[PDB]
Every structure is written in structure tokens, then in C-alpha cells.
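Here's the structure, in C-alpha cells; my notes come after.
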Amino acid sequence: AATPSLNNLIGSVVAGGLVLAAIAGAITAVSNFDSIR
Amino acid sequence: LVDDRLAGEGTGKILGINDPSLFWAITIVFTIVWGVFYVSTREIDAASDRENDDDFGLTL
Amino acid sequence: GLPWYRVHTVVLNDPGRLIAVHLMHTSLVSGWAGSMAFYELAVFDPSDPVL
Amino acid sequence: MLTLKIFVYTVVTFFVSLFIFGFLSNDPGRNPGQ
Amino acid sequence: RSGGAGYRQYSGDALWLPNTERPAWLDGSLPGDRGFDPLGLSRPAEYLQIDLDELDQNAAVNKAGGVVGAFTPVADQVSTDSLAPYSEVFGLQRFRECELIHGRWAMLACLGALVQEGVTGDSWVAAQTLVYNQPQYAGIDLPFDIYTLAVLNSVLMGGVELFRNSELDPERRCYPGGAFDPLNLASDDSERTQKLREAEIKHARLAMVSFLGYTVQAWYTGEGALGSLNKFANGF
Amino acid sequence: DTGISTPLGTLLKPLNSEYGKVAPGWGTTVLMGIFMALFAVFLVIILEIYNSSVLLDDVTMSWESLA
Amino acid sequence: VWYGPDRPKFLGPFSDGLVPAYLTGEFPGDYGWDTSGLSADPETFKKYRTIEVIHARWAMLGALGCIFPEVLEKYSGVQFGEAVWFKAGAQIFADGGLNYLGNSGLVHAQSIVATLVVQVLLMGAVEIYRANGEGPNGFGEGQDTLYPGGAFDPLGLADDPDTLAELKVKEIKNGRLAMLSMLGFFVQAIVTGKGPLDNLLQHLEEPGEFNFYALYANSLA
Ligand code: CHL
Ligand code: CLA
Ligand code: CLA
Ligand SMILES: CC1=C[C@H](O)CC(C)(C)[C@H]1/C=C/C(C)=C/C=C/C(C)=C/C=C/C=C(C)/C=C/C=C(C)/C=C/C1=C(C)C[C@H](O)CC1(C)C
């Protein structure tokens, strides 16, 4: 009984996680590649 | 009649005991307080540093 | 001298008087609720619940 | 109302019983004199 | 007689996996020790002590507290504190008392749910509401209104559990004995005592899982213990 | 200097004893972050239902659901 | 005061020419009354002392138990099937059986044989423990067979030995009064046919008119 509006809300939550994962992944990569000390 | 009331006022009842429950209330409370008093009499007197003999008591 | 806007900071590190100070606000808030209800009951007209 | 009367009778008896056995508890000795 | 005919008498320490090692904190002395602690809840916990933050407004600088040292508190130490008797929450012996108390309650509950369903015909979940509206046992109506029973249940269980908490010896908290072992079945330090204690944790763990089954089945199927059993048979 | 001792004070004293004790490192922070993320999603869903940006068949989201 | 040679005695100022030699005052309730010489034998005197206290403890329970239901039915809302003590046994033959406090949800006993079987089992075991001096697994071994104390004194009211001697006199004196009053309960039940509480209220209504001599004396012969 999932309406199409409910699916997009779930899709938006997943897309939001991917954006956060992409941000964290890029930051962790550059932080490790360009490290102090 | 229209309503219900105790109808004990001005009837000359002993201690105002319209029902026996009042008798139990007075008796139970008094016995309890007398009970705790009874077990403490010896201690209360011991403070006098004197035995409660025939000569005991605040006298002049 | 302590500024007027920091007076109630004396119970910042006094747990005993912090409870006492929080008990006073609680006393006032419940005091307001009782006072407010009694006023409203003195002004409220229950005769006409529809209009 | 009867519940009220019994409650009051219990309360009145309790305080009167304290009064009676309070003075029977060597009250005359409860004094600062010597 | 010997044997070694219909069975493989392999030698090893019975653990929860066919091959694995006991955790260092799980020696195997306790009854039912199967080396099962993947989360390490009974691992002796290590804590750091932070110093008291400076909150004196008479001082120019109020620096927050820093690590004042690392300490591993000794667990399984009962004290006279009524509200928090044990020294640490994460102790093996405190958890075993929790395991036994949770387990013994589940054993009574698992049997109690079955018996009242087979005697009264009412589901154990629906039983709570029925007794609430009409206090009754075995079909006989009890002579006490529910309000009194509610207070009595809290007061009686309150006294009962306060008596339980008086004990200070950690082993005796899990195994009081005395009046609770009138037959003296496992009051000595024999091997029979160890075996009896091993049976108790097994039945206790079984009942904890079993009653977890009752509640989930009641949530999902909507039936009680015996009712869920009948539903499954008909499902075929 | 020990302070006033009261029967209720001794009873509650164990609850105010481990002032500075902490778990070393990050402890259960990652577990906390999981629940915050689930809570954030839950808050979003109920916000969308009230905002009508999510339409559920059973819910009507109007005064008429008082019937 | 209650022990030794200067104890109070049953004939007051004339109780000096009949106090037996063996009644010295080492036991509670000793007023020097053995005018029939039934306790001349020291061993028999020991057993009679046990029987007296046992008869006394039962009478104290009996006197309170024989009048408490009648007090409750008259001066409270409780409605027993039969409050009067000498009619209370027939309650078990009633249609609803015997209901404690009149409530059908309490006890609700309906077979006399089941009650009797339970009693002879429970009383039989308890009386055996008292007779033998030890309960199951030697529960009361080494305790006095008349004054066990210990588990039978949960409040520790007899820890002081001097308080024990005083309290023993209170037990036997209340018990003797209960034994005498139970004799009154028996005879008054036979003569009057009313409950003991009903008899008391009859005396209080008009003592000069409602007593044994003005109501029943002429009929006994
Ligand atoms: C232990 C002492 C004891 C005594 C003194 C009595 C006395 C009595 N029972 Mg009773 N019972 C006793 C124990 C028990 N009864 C019962 C079960 C019943 C039933 C089912 C009934 C009675 C009834 C009666 C009464 C018969 C009417 C009568 O004879 O009136 C005239 C006599 C009197 C009023 C005076 C009674 C005094 C007694 C004759 C002398 C006192 C000393 C005794 C000999 C004590 C002996 C103790 C021994 C056996 C250990 C009566 C007053 C009947 C009843 O209630 O009738 C309405 C009845 O139906 N009893 C049980 C459980 C099985 C008992 C257990 O211990
Ligand atoms: C539960 C809420 C709460 C609590 C417990 C506190 C507590 C505290 N605040 Mg604070 N504050 C709050 C909310 C709160 N604040 C809010 C919402 C704001 C934004 C407006 C501020 C802005 C604020 C500032 C700027 C400062 C504090 C400061 C302080 C500390 C000293 C307070 C003082 O002695 O001033 C004393 C106050 C008076 C002597 C008179 C108050 C009269 C005001 C102006 C109006 C009267 C209000 C009325 C009587 C009650 C209505 C309140 C109710 C409707 C909510 C103290 C520990 C001071 C601080 O940090 O100390 C270092 C400080 O500088 N607060
Ligand atoms: C036995 C205590 C008790 C009881 C039974 C009541 C009962 C009542 N109070 Mg009263 N009150 C009390 C104590 C009590 N009060 C105390 C101690 C105070 C002093 C602070 C007050 C101050 C007070 C005021 C000012 C008012 C009332 C009012 C009322 C009436 C309406 C309550 C209502 O609908 O508001 C609704 C209550 C809430 C919405 C509470 C919301 C809870 C918040 C959202 C907590 C959420 C955060 C939480 C920590 C989340 C974490 C927990 C979660 C994870 C499980 C009601 C009859 C009102 C009234 O009618 O006036 C007479 C009124 O205005 N009371
Ligand atoms: C000292 C001397 C000296 C010289 O030398 C000689 C001589 C003289 C001989 C001597 C004397 C003696 C005497 C006096 C005796 C008496 C006795 C008695 C009376 C007892 C009772 C006794 C009595 C008793 C026990 C009683 C008991 C009772 C009881 C349990 C009860 C029960 C019951 C109840 C509750 C209720 C119900 O409903 C009914 C019944 C069931 C019924």
C-alpha cells in the first residue's frame, strides 16, 4: 500500500544518505591523501 | 422524603454513636495510642533516675 | 560587584539551592494555574454552551 | 457523610489520645528544675 | 559396557560454536558457561575519571576538567547500598543474578501461560483484561475488587523483592538456599549441585526464549500459546 | 564538612557518586548516531504527513478523520 | 512479687494454713491452691502444669473466637451464616456451605469430612511436634516444650528473662480467666440458648430483671 509519494520520500531519504556518504567519502579521501605531520 | 441524612442530631446518643463503626474508630485509635504508651512507660520513668515506688512523683 | 543580570548565577554550583530555586518556580507556576482557574471560574458563564 | 463522621471521629480521638497519654507520660518531671 | 558405537566421544569444551575459544573473562567455572559473549558485555570494563569542571565565578579562568586517570573498578562487590548494591553494572556475577531472576520468572510464566489457557480457554494476553474487569481464578470469582488487588500486588511484590535485596553474598543472591531449598537437593558443594545448577540455567534460558516466543506470536498471529499451536496445525 | 546526613540522603547517595566516570574513546557514539538518523527520518516522515507532501491511503489528514 | 514465698495467694489473708509445701512459688500462677493434693507428686505436677497452660491457651483462643463473630454480626455489617458459637458448626451443612465473614468467595467449605481430614492431619502433625519436642528436621529441638520461644516469639517480647517471668504470670492469669469464662459460655449456652454476647446485653438492659436467678433458676430443678 505504498503510494508513489511515499516511494519518493523513501527515495529522498536514500538520496540524502548518498549525498552525505559522497561528502564524507570525499573528505576522508582528501584528509588521508593530504595529512599533517 | 426528598433526601437522605444521618438524622442523629438532637437525639441524645452516647458519644454520638449513631452506628457501631464510630465505636470501633474511637476504640481502635485509643487502644493503639495506649499500646505504644504502655510499652514505653518504664523508659519514660527511667529518665527520672528514680523507681516509680510509692514515694515517686513531683511532690512538695 | 555582580551585575544585575547574573544574580541568579549564585546557585550555578550549589545543588542544594538549585533545587530550592527550581522548587520556587514550580510553586509559582502551580500557584498561577490555581489562581488562573479560580478567576476564570468567577467570570465564566456556563449557561449557553452553543452560542 | 458517615465516612466523613468516622474520619473526624478517628482524627479527634487520635489527638485527644495523644493529649491524654502525653500528660500521663511523667509530664511533671519534664521541667528544668533540680 | 564401554560404548563408542553409536556416538562420537570427541574430547573438548562444549562451546556455542563447534570451534572457538572461551573469552578470557569467561573461565568456565560458572554453570552454563559456554563461552558465549560476542559483544563482551561481561568483559571487565575500563573507565576514565574526568576532574570536576571549574565553576567558580570568583575565579578569572574556569577551565573544564581533564582526564585525572584510568581505573578498572572491581566488579561483583555487593555493598549495603539498597538502591545500587553492586559495585559495577557490567559484572559477570550481577549479570548471572539477572540471568537467573529473568530466567526463573520466565519458567513460571511459560508454565503459567499454558496452564491457564488449558484451564480457562482464554489467551494469556486476553487473560489480563478479563481478570482486570472481573477478578477470577480457575473460573471462581475472587472476593476482592481489582483496586485492592492492584495495591496488594505492588505491596506484596514490594516486600518480597525488598527481602531478596537484603542478601549481600553474591553467590547467595543467586542461590539463597535455606528455606528455599527445603529438600537440600543442591545446598552442598557436590557435583550434583553443579549439575543441578547447570540444569536450571538451561531451563531458564529455554523459558526466556520461549516466552519471547509467546509475545511475538501474540503480536503477529494474535493468538496465545496453545492457540498459536492450533493455528499452525490448521495452517497446513 | 561532610555535609548534613539524612536517611534519604544516604539512600540516594549511590545515584550521585560516579560524577566523572566516562567510557574511553568514542564509546557508543556510533550507536547513538544510528538512532539520531532513524529519529531524523521519523521526524521527516511525520512532517511530510502533516505537510501533505506524503499521501497515505489510510490517513486523510483533515478534520474529517475525527469521524 | 509473683514468685517466692511472699507471692499473693488464693485465700488472701487466710491462705497460710493450707499452702502446700511443694507449691513454693517457682512457677507462674502459683497462688498455693492445691487443696486436693493433686500435685503432690513432682512429676505429675510438671505434667498438670503443661495441661493447664495448654487448656489455658486454647481457652484464650476459644473465648475470643466464640464471641468475635457475634460481636461482628451485631456491631458491624458482617453477616455470618451463624454467628452464635454453638450453632457455627451447622453452617457447613447449609446450602452455600461455610463462608468466612459471610463472603461466598472466602473458604466456601462444603464437606465436613474434608475439613476434619485436613484438621487431623494439620493438628496431628503440630501436636506430634509439641509432644515429641522436635518438629520436622528437628525444628524445635532443644527448646522448652511449654515455652519454646525462638520461632514462636517473632517479636522477641521474652528476650529479657525477668520480663519472661512477669509475662508468664500474665499468660496464665488471662488464660485461667478465659478457662473460667468458657465454662460460663458452656453453661450459659445450655441454660439460656442464646449467644454469650446476647446474654451480656440482656444483663445490661435490666440487671435486676435479666439475670440467672430471675430467669432460669426456677427451671433447673
Ligand atoms: C474441640 C471442641 C469442640 C466443642 C466443645 C464443640 C461443641 C459443639 N459442636 Mg463442634 N465442637 C468442637 C469441635 C468441632 N466441631 C466440629 C464440627 C461440628 C459440626 C459440623 C457441628 C458441631 C456442633 C457442635 C455443637 C453441638 C450442640 C450441642 O451439643 O449443644 C449442647 C452443648 C453445648 C452448647 C455445650 C458444648 C460444650 C461441650 C459439650 C463440652 C466442652 C468440652 C468438650 C468435651 C471438648 C472435647 C474436646 C476433645 C474432643 C478433644 C457444640 C456446642 C453442631 C452445631 O453447631 O450445632 C448447631 C454441628 O452441627 N461441630 C469440628 C470440625 C469437624 C470440630 C473440630 O475440632
Ligand atoms: C529555563 C530557561 C532559562 C534559565 C533557567 C536561565 C538561567 C540563567 N540565565 Mg538565561 N536566558 C533564557 C533562559 C533561561 N535562562 C532565554 C530564553 C534567554 C533569551 C532572552 C536568556 C538570556 C540570558 C542572558 C543574556 C543572560 C542569561 C543569564 C542567566 C543566568 C543568570 C540569570 C540572572 O540572574 O538574571 C537575572 C534577571 C533579572 C534580575 C530580572 C529578570 C527580568 C526580565 C528581563 C523580565 C522579567 C520576566 C518575568 C518576571 C518572568 C517571565 C518569564 C516567563 C514568561 C518565561 C542564569 C543561570 C545571564 C548569564 O549568562 O549569567 C552569566 C545573562 O547574561 N540569560
Ligand atoms: C499530580 C500533579 C499534577 C496533575 C495531576 C496536574 C494536572 C493538571 N494541570 Mg498541573 N502542574 C503541576 C502538577 C500537576 N498538574 C505542577 C507541579 C505544576 C508546576 C509546574 C503545574 C502547573 C500547571 C500549569 C501552569 C497548568 C497546569 C494545568 C493542569 C491541567 C491540564 C494539564 C494539561 O492538559 O496540560 C498538558 C501537559 C503537557 C502538554 C505536558 C507535556 C509534556 C512535555 C511535552 C514533555 C516532553 C519532553 C519529554 C521530557 C520527552 C522525554 C520523555 C519521552 C522520551 C518519554 C490538569 C488538570 C493547566 C491548567 O488547566 O490550569 C489549571 C495549566 O495551565 N498545571
Ligand atoms: C487449682 C485446683 C486445686 C485443687 O487441689 C483441685 C482442683 C479444685 C480440682 C483444682 C481446680 C481446677 C479447676 C478450677 C479446673 C477448671 C478447668 C476449666 C473450666 C477449664 C476450661 C477449659 C475450656 C477450654 C479449654 C475451651 C476451649 C474452647 C475452644 C477451643 C473453642 C472452640 C470453638 C470456637 C472458638 C468457635 C466455634 O463457633 C465453636 C468452637 C469450635 C467450640
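Chain labels run A, B, ... following the order of the C-alpha cells; each chain numbers its residues from 1, and ligands are numbered from 1 in the order shown.
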At most 7 Å from ligand 2 (only C-alpha atoms and all ligand atoms): residue list as a VMD selection string: chain C and resid 4 to 9 12
Expected answer as an NGL selection string: residues within 9 Å of ligand 3, only C-alpha atoms and all ligand atoms: :C and (23 or 25-38)
Any chance you can output those residues with C-alpha atoms as a tab-separated table (two decimals), in the first residue's frame?
chain	number	residue	atom	x	y	z
C	23	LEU	CA	11.08	24.44	43.66
C	25	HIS	CA	9.39	28.41	40.08
C	26	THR	CA	7.40	25.18	40.40
C	27	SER	CA	5.48	26.69	43.32
C	28	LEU	CA	4.73	29.83	41.31
C	29	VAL	CA	3.66	28.02	38.14
C	30	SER	CA	1.23	25.78	40.03
C	31	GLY	CA	0.19	28.82	42.03
C	32	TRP	CA	-0.60	30.62	38.78
C	33	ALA	CA	-2.59	27.65	37.48
C	34	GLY	CA	-4.74	27.57	40.60
C	35	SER	CA	-5.18	31.34	40.64
C	36	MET	CA	-5.95	31.47	36.93
C	37	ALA	CA	-8.53	28.70	37.15
C	38	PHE	CA	-10.34	30.33	40.10
Selection within 8 Å of ligand 1 by only C-alpha atoms and all ligand atoms, output as a list in words: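 Using only C-alpha atoms and all ligand atoms, everything at most 8 Å from ligand 1 comes to residues 85, 86, 87, 88, 89, 90, 91, 92, 93, 112, 113, 115, 116, 119, 185, 186, 187, 189, 190 and 193 of chain G.
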Include N, CA and C atoms and write out the residues we just selected as a PDB file, in the first residue's frame.
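Listing of again.pdb after writing:
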ATOM      1  N   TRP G  85     -21.727 -19.151  68.670  1.00  0.00           N
ATOM      2  CA  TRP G  85     -20.616 -20.099  68.635  1.00  0.00           C
ATOM      3  C   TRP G  85     -21.100 -21.542  68.637  1.00  0.00           C
ATOM      4  N   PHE G  86     -22.147 -21.846  69.397  1.00  0.00           N
ATOM      5  CA  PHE G  86     -22.621 -23.221  69.473  1.00  0.00           C
ATOM      6  C   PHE G  86     -23.587 -23.576  68.354  1.00  0.00           C
ATOM      7  N   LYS G  87     -23.795 -22.677  67.395  1.00  0.00           N
ATOM      8  CA  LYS G  87     -24.506 -23.006  66.169  1.00  0.00           C
ATOM      9  C   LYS G  87     -23.616 -22.872  64.944  1.00  0.00           C
ATOM     10  N   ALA G  88     -22.337 -22.543  65.126  1.00  0.00           N
ATOM     11  CA  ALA G  88     -21.459 -22.277  63.995  1.00  0.00           C
ATOM     12  C   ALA G  88     -21.050 -23.546  63.264  1.00  0.00           C
ATOM     13  N   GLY G  89     -21.061 -24.691  63.943  1.00  0.00           N
ATOM     14  CA  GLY G  89     -20.708 -25.932  63.277  1.00  0.00           C
ATOM     15  C   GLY G  89     -21.704 -26.329  62.204  1.00  0.00           C
ATOM     16  N   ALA G  90     -22.984 -26.033  62.422  1.00  0.00           N
ATOM     17  CA  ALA G  90     -24.012 -26.430  61.470  1.00  0.00           C
ATOM     18  C   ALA G  90     -23.950 -25.634  60.177  1.00  0.00           C
ATOM     19  N   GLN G  91     -23.126 -24.586  60.121  1.00  0.00           N
ATOM     20  CA  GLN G  91     -23.007 -23.798  58.900  1.00  0.00           C
ATOM     21  C   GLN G  91     -22.537 -24.636  57.724  1.00  0.00           C
ATOM     22  N   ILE G  92     -21.757 -25.682  57.983  1.00  0.00           N
ATOM     23  CA  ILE G  92     -21.176 -26.441  56.885  1.00  0.00           C
ATOM     24  C   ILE G  92     -22.225 -27.310  56.208  1.00  0.00           C
ATOM     25  N   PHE G  93     -23.362 -27.537  56.858  1.00  0.00           N
ATOM     26  CA  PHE G  93     -24.454 -28.267  56.230  1.00  0.00           C
ATOM     27  C   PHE G  93     -25.395 -27.363  55.450  1.00  0.00           C
ATOM     28  N   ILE G 112     -17.845 -31.648  55.497  1.00  0.00           N
ATOM     29  CA  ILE G 112     -17.348 -31.729  56.863  1.00  0.00           C
ATOM     30  C   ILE G 112     -16.185 -32.708  56.954  1.00  0.00           C
ATOM     31  N   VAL G 113     -16.211 -33.776  56.155  1.00  0.00           N
ATOM     32  CA  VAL G 113     -15.152 -34.778  56.238  1.00  0.00           C
ATOM     33  C   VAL G 113     -13.834 -34.219  55.720  1.00  0.00           C
ATOM     34  N   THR G 115     -12.869 -31.074  55.860  1.00  0.00           N
ATOM     35  CA  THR G 115     -12.366 -30.214  56.927  1.00  0.00           C
ATOM     36  C   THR G 115     -11.776 -31.043  58.057  1.00  0.00           C
ATOM     37  N   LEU G 116     -12.463 -32.117  58.439  1.00  0.00           N
ATOM     38  CA  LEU G 116     -11.969 -32.958  59.519  1.00  0.00           C
ATOM     39  C   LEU G 116     -10.681 -33.670  59.124  1.00  0.00           C
ATOM     40  N   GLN G 119      -7.927 -31.202  59.324  1.00  0.00           N
ATOM     41  CA  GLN G 119      -7.625 -30.853  60.706  1.00  0.00           C
ATOM     42  C   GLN G 119      -6.794 -31.935  61.385  1.00  0.00           C
ATOM     43  N   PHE G 185     -19.492 -19.813  79.140  1.00  0.00           N
ATOM     44  CA  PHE G 185     -20.031 -19.938  77.790  1.00  0.00           C
ATOM     45  C   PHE G 185     -20.754 -21.262  77.614  1.00  0.00           C
ATOM     46  N   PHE G 186     -20.190 -22.343  78.150  1.00  0.00           N
ATOM     47  CA  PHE G 186     -20.821 -23.650  78.022  1.00  0.00           C
ATOM     48  C   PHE G 186     -22.140 -23.702  78.778  1.00  0.00           C
ATOM     49  N   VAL G 187     -22.132 -23.301  80.048  1.00  0.00           N
ATOM     50  CA  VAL G 187     -23.334 -23.428  80.865  1.00  0.00           C
ATOM     51  C   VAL G 187     -24.396 -22.430  80.423  1.00  0.00           C
ATOM     52  N   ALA G 189     -24.812 -21.252  77.440  1.00  0.00           N
ATOM     53  CA  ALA G 189     -25.381 -21.771  76.203  1.00  0.00           C
ATOM     54  C   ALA G 189     -26.431 -22.831  76.494  1.00  0.00           C
ATOM     55  N   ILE G 190     -26.142 -23.720  77.442  1.00  0.00           N
ATOM     56  CA  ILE G 190     -27.078 -24.783  77.787  1.00  0.00           C
ATOM     57  C   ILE G 190     -28.324 -24.213  78.447  1.00  0.00           C
ATOM     58  N   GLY G 193     -29.615 -20.763  75.899  1.00  0.00           N
ATOM     59  CA  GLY G 193     -29.857 -20.967  74.487  1.00  0.00           C
ATOM     60  C   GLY G 193     -29.540 -19.779  73.614  1.00  0.00           C
TER      61      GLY G 193
END
Contact set, chain F to chain E: 8 Å, only C-alpha atoms, as a list in words: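 So the residues of chain F near chain E are residues 11, 12, 14, 15, 20, 21, 22, 23 and 24 of chain F.
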Atoms to include: N, CA, C and O atoms. Write the selected residues as a compact mmCIF listing (two decimals), in the first residue's frame.
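Below is the file selection_9.txt, written as the result:
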# COMPACT_ATOMS: atom_id res chain seq x y z
N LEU F 11 20.30 7.04 51.24
CA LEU F 11 19.64 6.15 50.30
C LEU F 11 19.94 6.54 48.86
O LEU F 11 20.22 5.67 48.02
N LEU F 12 19.91 7.83 48.55
CA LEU F 12 20.13 8.31 47.20
C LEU F 12 21.59 8.59 46.89
O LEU F 12 21.91 8.90 45.74
N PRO F 14 24.25 6.66 46.40
CA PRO F 14 24.87 5.92 45.30
C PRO F 14 24.54 6.47 43.92
O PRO F 14 25.36 6.34 43.00
N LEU F 15 23.37 7.07 43.75
CA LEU F 15 22.97 7.60 42.45
C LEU F 15 23.73 8.86 42.07
O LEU F 15 23.62 9.31 40.92
N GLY F 20 32.57 11.77 37.42
CA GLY F 20 33.45 11.93 36.28
C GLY F 20 33.70 10.70 35.45
O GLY F 20 34.40 10.79 34.44
N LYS F 21 33.16 9.55 35.84
CA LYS F 21 33.43 8.31 35.14
C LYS F 21 32.90 8.37 33.71
O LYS F 21 31.74 8.74 33.48
N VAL F 22 33.75 8.03 32.75
CA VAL F 22 33.38 8.02 31.34
C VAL F 22 33.93 6.76 30.68
O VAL F 22 34.89 6.16 31.17
N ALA F 23 33.32 6.38 29.58
CA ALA F 23 33.86 5.30 28.77
C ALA F 23 34.95 5.84 27.86
O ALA F 23 34.77 6.89 27.24
N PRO F 24 36.10 5.17 27.76
CA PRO F 24 37.21 5.71 26.97
C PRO F 24 36.87 5.77 25.50
O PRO F 24 36.07 4.98 24.99
Close residues, range 48-57 of chain F itself excluded, 7 Å, only C-alpha atoms, min 4 positions apart in chain, as a ChimeraX atom specification: /A:3,5-6 /F:44,61
Per-residue nearest contacts chain E to chain G, cut-off 10 Å, using only C-alpha atoms, as JSON lines:
{"residue": "E:140", "atom": "CA", "partner": "G:105", "partner_atom": "CA", "distance": 8.0}
{"residue": "E:141", "atom": "CA", "partner": "G:105", "partner_atom": "CA", "distance": 6.9}
{"residue": "E:142", "atom": "CA", "partner": "G:105", "partner_atom": "CA", "distance": 5.9}
{"residue": "E:143", "atom": "CA", "partner": "G:105", "partner_atom": "CA", "distance": 4.7}
{"residue": "E:144", "atom": "CA", "partner": "G:105", "partner_atom": "CA", "distance": 8.5}
{"residue": "E:182", "atom": "CA", "partner": "G:137", "partner_atom": "CA", "distance": 9.9}
Distance filter 7 Å around ligand 4, atoms: only C-alpha atoms and all ligand atoms, out as a ChimeraX atom specification: /G:33-38,55-56,58-59,61-66,84-89,179-180,182-183
DSSP alpha helix (DSSP H) residues within chain F, listed as a PyMOL selection string: chain F and resi 7-12+29-51
Keeping only C-alpha atoms, write those residues as a CSV table (one decimal), in the first residue's frame.
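Generated file (result_16.csv):
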chain,number,residue,atom,x,y,z
F,7,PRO,CA,18.2,9.0,55.8
F,8,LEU,CA,17.0,9.9,52.4
F,9,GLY,CA,20.4,11.3,51.6
F,10,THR,CA,22.2,8.0,52.3
F,11,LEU,CA,19.6,6.2,50.3
F,12,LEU,CA,20.1,8.3,47.2
F,29,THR,CA,28.7,7.3,19.8
F,30,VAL,CA,28.3,5.4,16.5
F,31,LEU,CA,25.3,3.6,18.0
F,32,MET,CA,23.9,7.0,19.1
F,33,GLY,CA,24.4,8.3,15.6
F,34,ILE,CA,22.3,5.4,14.2
F,35,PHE,CA,19.3,6.3,16.5
F,36,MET,CA,19.6,10.0,15.6
F,37,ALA,CA,19.5,9.1,11.9
F,38,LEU,CA,16.4,6.9,12.5
F,39,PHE,CA,14.9,9.7,14.6
F,40,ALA,CA,15.7,12.3,11.9
F,41,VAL,CA,13.9,10.1,9.3
F,42,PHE,CA,11.0,9.6,11.6
F,43,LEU,CA,10.6,13.3,12.1
F,44,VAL,CA,10.7,13.9,8.4
F,45,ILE,CA,8.0,11.3,7.7
F,46,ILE,CA,5.6,12.8,10.2
F,47,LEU,CA,6.4,16.3,9.0
F,48,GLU,CA,5.6,15.2,5.4
F,49,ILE,CA,2.3,13.7,6.5
F,50,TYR,CA,1.2,16.9,8.2
F,51,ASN,CA,2.6,19.0,5.4
Residue neighbourhood residue 26 in chain D, 12 Å, only C-alpha atoms, exclusion window fewer than 2 positions, as a ChimeraX atom specification: /B:37,40-48,50,52,56-58 /D:20-24,28-31
Strand (DSSP E) per DSSP on the backbone: members of range 43-168 of chain E, as a ChimeraX atom specification: /E:47-50,67-71,136-137,140-141
Create the file for the chosen residues now, containing C-alpha atoms and written as a PDB file, in the first residue's frame.
ATOM      1  CA  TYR E  47      36.726   3.739  32.717  1.00  0.00           C
ATOM      2  CA  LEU E  48      38.490   7.119  32.772  1.00  0.00           C
ATOM      3  CA  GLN E  49      37.914   9.659  35.595  1.00  0.00           C
ATOM      4  CA  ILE E  50      37.485  13.298  34.428  1.00  0.00           C
ATOM      5  CA  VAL E  67      41.334  13.015  32.404  1.00  0.00           C
ATOM      6  CA  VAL E  68      42.572  12.555  36.023  1.00  0.00           C
ATOM      7  CA  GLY E  69      43.341   8.845  35.474  1.00  0.00           C
ATOM      8  CA  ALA E  70      42.297   5.447  34.111  1.00  0.00           C
ATOM      9  CA  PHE E  71      40.751   2.947  36.505  1.00  0.00           C
ATOM     10  CA  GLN E 136     -11.331 -14.527  38.885  1.00  0.00           C
ATOM     11  CA  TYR E 137      -9.139 -17.673  39.175  1.00  0.00           C
ATOM     12  CA  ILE E 140     -14.113 -18.921  40.608  1.00  0.00           C
ATOM     13  CA  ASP E 141     -14.767 -15.165  41.109  1.00  0.00           C
TER      14      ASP E 141
END
So that each row is one residue of chain G with an atom at most 9 Å from chain B, can you give its shortest atom pair and the distance in Å to one decimal, using only C-alpha atoms, rows by chain and rising number, as a Markdown table?
| residue | atom | partner | partner_atom | distance |
| --- | --- | --- | --- | --- |
| G:74 | CA | B:20 | CA | 8.8 |
| G:75 | CA | B:20 | CA | 5.3 |
| G:76 | CA | B:20 | CA | 6.3 |
Output N, CA, C and O atoms of each residue in that selection to a file, as an mmCIF file, in the first residue's frame.
data_model
loop_
_atom_site.group_PDB
_atom_site.id
_atom_site.type_symbol
_atom_site.label_atom_id
_atom_site.label_comp_id
_atom_site.auth_asym_id
_atom_site.auth_seq_id
_atom_site.Cartn_x
_atom_site.Cartn_y
_atom_site.Cartn_z
ATOM 1 N N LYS G 74 -23.322 -8.291 65.173
ATOM 2 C CA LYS G 74 -24.213 -7.362 65.853
ATOM 3 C C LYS G 74 -23.757 -5.919 65.687
ATOM 4 O O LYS G 74 -24.573 -5.034 65.420
ATOM 5 N N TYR G 75 -22.459 -5.665 65.835
ATOM 6 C CA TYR G 75 -21.911 -4.317 65.797
ATOM 7 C C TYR G 75 -21.064 -4.073 64.555
ATOM 8 O O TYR G 75 -20.074 -3.343 64.605
ATOM 9 N N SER G 76 -21.443 -4.678 63.436
ATOM 10 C CA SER G 76 -20.806 -4.418 62.154
ATOM 11 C C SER G 76 -21.732 -4.927 61.062
ATOM 12 O O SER G 76 -22.759 -5.551 61.333
#
Please, which residues in chain B fall within 6 Å of chain D when counting only C-alpha atoms, and what is the closest atom pair and distance in Å to one decimal for each, ordered by chain then residue number, as JSON lines?
{"residue": "B:22", "atom": "CA", "partner": "D:6", "partner_atom": "CA", "distance": 5.6}
{"residue": "B:25", "atom": "CA", "partner": "D:10", "partner_atom": "CA", "distance": 5.4}
{"residue": "B:26", "atom": "CA", "partner": "D:13", "partner_atom": "CA", "distance": 5.7}
{"residue": "B:29", "atom": "CA", "partner": "D:14", "partner_atom": "CA", "distance": 5.9}
{"residue": "B:30", "atom": "CA", "partner": "D:17", "partner_atom": "CA", "distance": 5.9}
What would the file look like if the residues just selected were written as a PDB file, in the first residue's frame with N, CA and C atoms?
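Dumped to result-v9.pdb:
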ATOM      1  N   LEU B  22     -18.447   3.969  64.385  1.00  0.00           N
ATOM      2  CA  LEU B  22     -17.864   5.078  65.184  1.00  0.00           C
ATOM      3  C   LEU B  22     -17.251   4.498  66.459  1.00  0.00           C
ATOM      4  N   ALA B  25     -13.912   3.011  65.589  1.00  0.00           N
ATOM      5  CA  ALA B  25     -12.932   4.083  65.306  1.00  0.00           C
ATOM      6  C   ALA B  25     -12.331   4.571  66.624  1.00  0.00           C
ATOM      7  N   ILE B  26     -13.177   4.986  67.568  1.00  0.00           N
ATOM      8  CA  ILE B  26     -12.668   5.546  68.852  1.00  0.00           C
ATOM      9  C   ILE B  26     -11.861   4.466  69.575  1.00  0.00           C
ATOM     10  N   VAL B  29      -8.366   3.522  67.737  1.00  0.00           N
ATOM     11  CA  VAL B  29      -7.343   4.604  67.834  1.00  0.00           C
ATOM     12  C   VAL B  29      -6.824   4.667  69.273  1.00  0.00           C
ATOM     13  N   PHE B  30      -7.727   4.657  70.256  1.00  0.00           N
ATOM     14  CA  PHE B  30      -7.304   4.778  71.673  1.00  0.00           C
ATOM     15  C   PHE B  30      -6.403   3.597  72.040  1.00  0.00           C
TER      16      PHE B  30
END
